[PDB]
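The chain below stands alone and is given as structure tokens, in the form deposited in one PDB entry.
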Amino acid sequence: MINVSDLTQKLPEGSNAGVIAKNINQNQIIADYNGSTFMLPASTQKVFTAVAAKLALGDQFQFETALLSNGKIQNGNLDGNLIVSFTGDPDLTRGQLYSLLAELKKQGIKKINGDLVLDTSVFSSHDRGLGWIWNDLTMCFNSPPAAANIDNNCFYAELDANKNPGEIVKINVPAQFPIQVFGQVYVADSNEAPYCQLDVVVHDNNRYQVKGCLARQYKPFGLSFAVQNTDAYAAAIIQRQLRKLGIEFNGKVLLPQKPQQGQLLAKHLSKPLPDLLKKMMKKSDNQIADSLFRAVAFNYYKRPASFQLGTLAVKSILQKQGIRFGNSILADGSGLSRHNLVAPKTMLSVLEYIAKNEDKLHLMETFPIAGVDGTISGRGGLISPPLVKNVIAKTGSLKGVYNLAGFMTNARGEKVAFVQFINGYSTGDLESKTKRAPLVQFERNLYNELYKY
């Protein structure tokens, strides 16, 4: 086998690598180093979700966002509640929801007599996985994969930090966002400036308290944040849209937990599963992965879906196909949880199942391609021949973690599946951009060795 031990000499001191690789044609393991150690898979976890979704949802699967009502239309009035049904569409734009509501106009509803009711019942319990880190929850990459999801459940604020030390930075929220940003951030001089933290503390109803400081900067810029209460956000946006459409409403917003009985007025459908999976796999969209993860449970068990139900469903589905998990922990579909524990060999068995069943699953085309697209279009260790345009791989990255899982063609045109998990990688401290050079060098050498072996 490849001497993976010698290769990890170039990784930073303290790090730990789990590396396993198999020549599928020869049915031979050609690298095996901590292949059985549980590690943090980060976003390589999305491979499991991709397979489960293919199998339990199918290529015709679409997320539906619907408008329903129990009552009768007449005189331009909807004589009852407007029910808005959200099922976790992670790719729903504000533009789409608007056209959806526009459908009420087209049917001559001039005004709604009753209350606005949101049906988010297909998801159950929290909209965050267990073991997610609290301070990342305001970052847009970590926006909640909730039933209601509008423009990725992210917003930005406009900041102007062009000021002398001690002065207050100006923060405005653009008029489209029903959010508050409150508190005060000051400009720090270049001394204290390397120390700066911007603190964001969440309060109810999408009110974000900022504190701390920032280094002077000349030009305005935007900071993005995740929406926290996605039901209030969604309801506030629908009410503004109804006004814009000139449909009249003066009811309250209700948020029941149970499916809402009704007559269907209109429906919007997302792109189907193959397009969602491709964006999830190429760009590594956390929210698509966690929505599919629970959509899989919802459809598979026919009951409202918690992340725990997602875990049960994904394992049960892949187990049906011969995959064995032992005591792996799969707390989410995106890989964000710090409780996830998976060994390289388990990820590898899934990659083999993917390559074996490619005629059916067509998942190979979803993987980023070295030097070409997705999250590895510029990956340093992969950017030269013989690896460029040859290595395809799902990436996973968290603080301390640099992973790759996928396939390549060796110098004999045989296929090699491989999993690389690197954890404990640290070359400065909390809030030091990480020196990636030893990683570029490890990966360049590793994939060349698997190429020639």
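In this text, the rigid core denotes the largest set of C-alpha atoms whose superposition between the two forms falls within 1.5 Å. Position 1 is the first residue in the sequence shown; the rest follow in order.
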item: Unresolved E167 in a third or more of other entries flanked by modelled residues; value: no
item: Other entries omitting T230, at least a third; value: no
item: Given 425-433 and 16-24, the range whose Cα B-factors average higher in the PDB entry; value: 425-433
item: Segment of higher mean CA temperature factor, 249-257 or 360-368; value: 249-257
item: Peak C-alpha temperature factor (PDB record), options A148, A313, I171, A236; value: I171
item: Deposited CA B-factor, highest of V227, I376, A215, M281; value: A215
item: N113, C-alpha B-factor rank within chain (lowest, middle or highest third); value: highest
item: Chain-relative CA temperature factor third for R412; value: highest
item: Chain-wide C-alpha B factor ranking for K105, given as lowest, middle or highest third; value: highest
item: Cα B factor band for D79 (lowest, middle or highest third within the chain); value: highest
item: Chain third (lowest, middle, highest) by recorded CA B-factor, residue given as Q176; value: middle
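Separately, the form deposited in another entry exists; it is not shown, and the next lines address it.
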query	finding
Shifted position (C-alpha, 2 Å or more, core held fixed) between the shown form and the other one, chosen from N250, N327, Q74, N191	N191
